[PDB]
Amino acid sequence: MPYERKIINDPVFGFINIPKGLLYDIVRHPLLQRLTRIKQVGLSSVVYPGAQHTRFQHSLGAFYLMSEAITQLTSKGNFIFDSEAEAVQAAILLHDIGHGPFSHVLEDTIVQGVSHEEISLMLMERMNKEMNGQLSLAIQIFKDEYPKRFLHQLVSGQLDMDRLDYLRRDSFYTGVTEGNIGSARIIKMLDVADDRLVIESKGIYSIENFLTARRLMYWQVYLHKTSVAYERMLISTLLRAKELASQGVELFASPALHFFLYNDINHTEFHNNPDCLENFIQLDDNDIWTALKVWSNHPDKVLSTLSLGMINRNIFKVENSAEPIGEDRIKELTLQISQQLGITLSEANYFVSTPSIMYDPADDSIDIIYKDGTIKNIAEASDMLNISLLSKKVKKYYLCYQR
């Protein structure tokens, strides 16, 4: 019998219908509300000022597409029980809950060796306790431990609701191009064969488009050189903060940020000391920006110069090469920066970065189902271009340094 719903506005996909009960209670939970304070692609806003969308919007967006995908799969003779529908919807609402601000930066700096996927499971278990086991089936699906295995695939896999949301929403908000991966269309082509997700043959060119757009998104947005440079500055800022902290230097920070600056939190500490998760939960983009804003006037020349560059958008110069960067160049620039900033040679390392560089080539193996029940790999189904070659490794070296 039809359920009552709350309605949220989403410019990308329209009206998001949220059933009252568990699902709406997830949306209103403090753990999902904190995602209104974490940008989806916060390192991209420096290139693409419109990229202000939140991880909250992504999670609702992915939910929307999940709802639609349930309806479409049932319509095609794939039975899904109401509890499975509910479970897969709660999974998708929660899938990204373990992201902190600039999550990958944190994993490389002050919250080392713990991944957002691990934190998402902890936070789901925590919430399941609070909701007295109502998320158990969601978690079981999330962990791919449920016998109906296409349901997990909707949460995590080549055709997951997560990437069908973010690839579209990130493009929509950056304004990078005016093109459109067909997220709502892709979902209407979805079916199950042998307990795995396939796409109907009428959706073939949509999948080639999808697969191509995905690679272009990486080059145009995610691996854009200005955003890589910006990321390297943030990594250096926080590693310098932790070095100063360890020396007992005083740094402005909210209590939750202070926890990770003045303690050495690593994988084992994080899982064993419950204070870590409690403090992690209290971190969002505000904690990071507030630090950078205050640090920009800190006496330390390295921390202040980095921090001021972040807030005032004085971005490192970036060069890219097809071959590694020569030790000669690095030494040269480090010296010149040492001199220009009046810092030691070792301090000048913070101002020179040489990061390397796509995703699992198997993501490109989508199976297409024909009206006569036959199945082909998209690479054979395809007419537009050579899908096999979309995954040829492109080696791209970056040189980032103070300008």
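Start at 1 and count along the sequence shown; that's the residue number.
Peer 1: Counting only residues of the deposited sequence, how many between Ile357 and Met358 have no atoms in the entry (none, 1 to 3, 4 to 9, 10 or more)?
Peer 2: Gap between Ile357 and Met358: 1 to 3 unmodelled residues.
Peer 1: Could you check which stretch, 215 to 223 or 71 to 79, carries the larger mean CA temperature factor in the entry?
Peer 2: Going by the record's values, the stretch with the higher mean is 71 to 79.
Peer 1: Which has the higher mean CA temperature factor in the PDB entry, 45 to 53 or 373 to 381?
Peer 2: Comparing 373 to 381 with 45 to 53, the higher average CA B-factor belongs to 373 to 381.
Peer 1: Going by the CA temperature factor in the entry, name the top one among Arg329, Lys293, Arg163, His152.
Peer 2: Across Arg329, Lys293, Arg163, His152, the entry lists the biggest C-alpha B-factor for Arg329.
Peer 1: Could you say which of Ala256, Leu93, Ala322, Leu308 has its CA atom at the highest B factor, as listed in the PDB entry?
Peer 2: Checking the PDB record, the top C-alpha B-factor among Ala256, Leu93, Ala322, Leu308 is at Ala322.
Peer 1: Which third of the chain does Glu200 land in by C-alpha B-factor: lowest, middle or highest?
Peer 2: Its C-alpha B-factor belongs to the middle third of this chain's values.
Peer 1: Determine, from the deposited record, the chain-internal third of the Cα B-factor for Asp285: lowest, middle or highest.
Peer 2: Its C-alpha B-factor belongs to the lowest third of this chain's values.
Peer 1: What third of the chain does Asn132 rank in for C-alpha temperature factor, lowest, middle or highest?
Peer 2: Highest third, going by the recorded CA B-factors of the chain.
Peer 1: Using the B-factor values recorded in the entry, state whether the Cα atom of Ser353 falls in the lowest, middle or highest third among the modelled residues of its chain.
Peer 2: Answer is middle: the recorded C-alpha B-factor places it there.
Peer 1: When the modelled residues of the chain are sorted by Cα temperature factor, does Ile265 land in the lowest, middle or highest third?
Peer 2: Ranked within chain, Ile265 CA B lands in the highest tercile.
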